[PDB]
file entry09.cif (mmCIF, C-alpha atoms)
data_target
loop_
_atom_site.group_PDB
_atom_site.id
_atom_site.type_symbol
_atom_site.label_atom_id
_atom_site.label_comp_id
_atom_site.auth_asym_id
_atom_site.auth_seq_id
_atom_site.Cartn_x
_atom_site.Cartn_y
_atom_site.Cartn_z
ATOM 1 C CA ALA A 1 115.563 108.910 160.290
ATOM 2 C CA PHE A 2 116.376 112.192 158.535
ATOM 3 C CA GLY A 3 113.032 113.998 158.595
ATOM 4 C CA UNK A 4 111.258 110.790 157.477
ATOM 5 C CA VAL A 5 113.516 110.439 154.391
ATOM 6 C CA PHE A 6 114.650 107.037 155.760
ATOM 7 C CA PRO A 7 111.592 104.919 156.696
ATOM 8 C CA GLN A 8 111.917 103.948 160.349
ATOM 9 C CA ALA A 9 109.967 103.397 163.536
ATOM 10 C CA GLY A 10 109.590 106.830 165.097
ATOM 11 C CA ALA B 1 119.769 108.879 164.075
ATOM 12 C CA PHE B 2 119.263 105.119 164.353
ATOM 13 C CA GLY B 3 120.265 105.081 168.003
ATOM 14 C CA UNK B 4 123.709 106.549 167.223
ATOM 15 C CA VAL B 5 124.581 104.898 163.878
ATOM 16 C CA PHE B 6 124.565 108.395 162.398
ATOM 17 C CA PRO B 7 125.837 110.984 164.908
ATOM 18 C CA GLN B 8 123.114 113.490 165.741
ATOM 19 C CA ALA B 9 121.716 115.528 168.609
ATOM 20 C CA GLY B 10 120.286 113.216 171.247
#
call {"tool": "encode", "arguments": {"input": "entry09.cif", "output": "structure tokens"}}
result
Amino acid sequence: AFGXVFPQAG
Amino acid sequence: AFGXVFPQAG
């Protein structure tokens, strides 16, 4: 999420 | 974000 600031699938 | 946890476009 959040421009990759939260690590996350996608 | 996160499927709707955080309101966002989409």
call {"tool": "calpha_fit_and_write", "arguments": {"input": "entry09.cif", "fixed": "chain A", "moving": "chain B", "output": "short mmCIF file (atom, residue, chain, number, x, y, z; two decimals) with C-alpha atoms, in the frame of the given file"}}
result
data_model
loop_
_atom_site.label_atom_id
_atom_site.label_comp_id
_atom_site.auth_asym_id
_atom_site.auth_seq_id
_atom_site.Cartn_x
_atom_site.Cartn_y
_atom_site.Cartn_z
CA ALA B 1 115.82 108.73 159.94
CA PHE B 2 116.28 112.28 158.65
CA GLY B 3 112.72 113.23 159.54
CA UNK B 4 111.27 110.50 157.29
CA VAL B 5 113.71 110.49 154.33
CA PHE B 6 114.56 106.93 155.33
CA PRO B 7 111.51 105.10 156.74
CA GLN B 8 112.09 104.13 160.36
CA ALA B 9 110.31 103.82 163.69
CA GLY B 10 109.19 107.25 164.86
#
call {"tool": "interface_residues", "arguments": {"input": "entry09.cif", "of": "chain B", "to": "chain A", "cutoff": "10 Å", "atoms": "all atoms listed in the file", "output": "list in words"}}
result
residues 1, 2, 3, 6 and 8 of chain B
call {"tool": "axis_aligned_box", "arguments": {"input": "entry09.cif", "around": "stretch 2-9 of chain A", "padding_each_side": "8 Å", "output": "lines of an AutoDock Vina configuration file"}}
result
center_x = 113.2
center_y = 108.7
center_z = 159.0
size_x = 22.4
size_y = 26.6
size_z = 25.1
call {"tool": "build_atoms", "arguments": {"input": "entry09.cif", "residues": "chain A", "atoms": "N, CA and C atoms", "output": "PDB file, in the coordinates of the input"}}
result
ATOM      1  N   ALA A   1     114.478 107.957 160.099  1.00  0.00           N
ATOM      2  CA  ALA A   1     115.563 108.910 160.290  1.00  0.00           C
ATOM      3  C   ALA A   1     115.416 110.031 159.241  1.00  0.00           C
ATOM      4  N   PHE A   2     116.118 111.137 159.515  1.00  0.00           N
ATOM      5  CA  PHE A   2     116.376 112.192 158.535  1.00  0.00           C
ATOM      6  C   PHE A   2     115.074 112.833 158.048  1.00  0.00           C
ATOM      7  N   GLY A   3     114.236 113.296 158.989  1.00  0.00           N
ATOM      8  CA  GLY A   3     113.032 113.998 158.595  1.00  0.00           C
ATOM      9  C   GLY A   3     112.063 113.120 157.797  1.00  0.00           C
ATOM     10  N   UNK A   4     112.096 111.792 158.096  1.00  0.00           N
ATOM     11  CA  UNK A   4     111.258 110.790 157.477  1.00  0.00           C
ATOM     12  C   UNK A   4     111.791 110.325 156.104  1.00  0.00           C
ATOM     13  N   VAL A   5     112.949 110.828 155.668  1.00  0.00           N
ATOM     14  CA  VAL A   5     113.516 110.439 154.391  1.00  0.00           C
ATOM     15  C   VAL A   5     113.978 108.977 154.409  1.00  0.00           C
ATOM     16  N   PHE A   6     114.421 108.474 155.574  1.00  0.00           N
ATOM     17  CA  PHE A   6     114.650 107.037 155.760  1.00  0.00           C
ATOM     18  C   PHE A   6     113.432 106.476 156.510  1.00  0.00           C
ATOM     19  N   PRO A   7     112.745 105.481 155.962  1.00  0.00           N
ATOM     20  CA  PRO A   7     111.592 104.919 156.696  1.00  0.00           C
ATOM     21  C   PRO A   7     112.118 104.188 157.938  1.00  0.00           C
ATOM     22  N   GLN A   8     111.393 104.371 159.061  1.00  0.00           N
ATOM     23  CA  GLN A   8     111.917 103.948 160.349  1.00  0.00           C
ATOM     24  C   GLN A   8     110.823 104.079 161.387  1.00  0.00           C
ATOM     25  N   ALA A   9     110.801 103.157 162.354  1.00  0.00           N
ATOM     26  CA  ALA A   9     109.967 103.397 163.536  1.00  0.00           C
ATOM     27  C   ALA A   9     110.369 104.756 164.130  1.00  0.00           C
ATOM     28  N   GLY A  10     109.378 105.569 164.442  1.00  0.00           N
ATOM     29  CA  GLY A  10     109.590 106.830 165.097  1.00  0.00           C
ATOM     30  C   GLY A  10     109.660 108.038 164.183  1.00  0.00           C
TER      31      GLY A  10
END
